[PDB]
Amino acid sequence: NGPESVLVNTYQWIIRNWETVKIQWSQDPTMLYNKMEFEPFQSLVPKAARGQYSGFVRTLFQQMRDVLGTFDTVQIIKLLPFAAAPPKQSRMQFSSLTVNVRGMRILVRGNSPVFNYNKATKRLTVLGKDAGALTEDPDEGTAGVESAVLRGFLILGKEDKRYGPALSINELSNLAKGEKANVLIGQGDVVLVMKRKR
């Protein structure tokens with residue numbers, strides 16, 4: 001009882017109700033974001049981060065709506081509870097989002113100890129406990145273009161030496177619209193990104 005249970009139950013709820021969440025996420029996201037079911041999760045989020053995280057995630061979700069062929073079920077499920085605060089817009093980038101449990105990090109890209117989706121089995125494991133199983137979705141984007149990781153950017157694929165040494169996530173704000181660059185996105189992973197034109 002406490003944080004860990006709120007975390008696990010929140011994601012359990014999303015998975016249980018995925019079909020209606022998916023509909024609302026696409027047709028009326030504001031009302032999805034305003035559901036009472038996300039309030040307990042929001043209390044886990046550091047008070048001073050809630051607005052920042054919401055602005056960030058809401059923009060990442062609109063990028064996914066705006067950039068055809070980049071639908072990512074697991075990414076939507078992972079980031080959704082963070083959209084539930086009144087958004088505070090900024091130019092900050094986040095590689096992880098913190099929930100306070102016992103100060104734990106949910107990685108924005110890929111799996112983490114806290115949030116682990118097992119593709120082979122379709123099971124989501126949160127804090128080592130079962131949150132439920134997904135089903136294969138035909139709407140899933142297969143281009144390897146990731147639209148909901150960086151605010152204002154698309155991840156294109158592997159590092160490409162034509163575009164020079166890798167930048168940190170804090171160093172992307174000088175890039176021109178349409179410009180490409182390599183980025184230390186996390187771990188030791190370097191990826192080619194593009195700054196969006198709109």
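All residue numbers in this chain count up from 1 along the given sequence. Every heavy atom of this structure was used, including side-chain atoms; hydrogens, water molecules and symmetry mates were not.
- Comment: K22 engages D137 in a salt bridge, judged by a side-chain N to carboxylate O separation of less than 4.0 angstrom.
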Intermediate values then yes/no, side chain to side chain donor-acceptor pair (under 3.5 Å), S147 and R65: CA-CA 9 Å; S147 56; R65 296 192 196 89; over 6 Å; no
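- Taking CG of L124 as the start and CG of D130 as the end, the distance is 8.0 Å to the nearest 0.5 Å.
- No side-chain donor-acceptor contact under 3.5 Å links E159 to the backbone of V190.
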Trace of the side chain to side chain donor-acceptor pair (under 3.5 Å) decision for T20 with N17: CA-CA 6 Å; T20 180; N17 296 278; over 6 Å; no
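- For the pair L134 and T73, the tightest heavy-atom approach, listed with the atom from each and the gap, is CD1-CG2, 3.9 Å.
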Candidate pair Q89 and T59, rule side chain to side chain donor-acceptor pair (under 3.5 Å), full reasoning: CA-CA 9 Å; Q89 210 57 211; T59 305; 3.0 Å; yes
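- For the ring pair (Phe, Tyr, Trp, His ring centres under 6.0 Å) with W25, the qualifying choice from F71, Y33, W18 is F71, the only one to do so.
- Here the rule is ring pair (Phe, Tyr, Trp, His ring centres under 6.0 Å) with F82, and of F56, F41, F61 only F41 fits it.
- Between the side chains of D28 and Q24, not a single donor N or O lies within less than 3.5 Å of an accepting N or O.
- Taking each heavy atom of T98 and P46 in turn, the nearest pair found is O-CD, 3.2 Å.
- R196 places no side-chain N or O within donor-acceptor distance of the main-chain N or O of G152, the cut-off being under 3.5 Å.
- In this structure a side-chain-to-backbone donor-acceptor pair under 3.5 Å is present from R50 to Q42.
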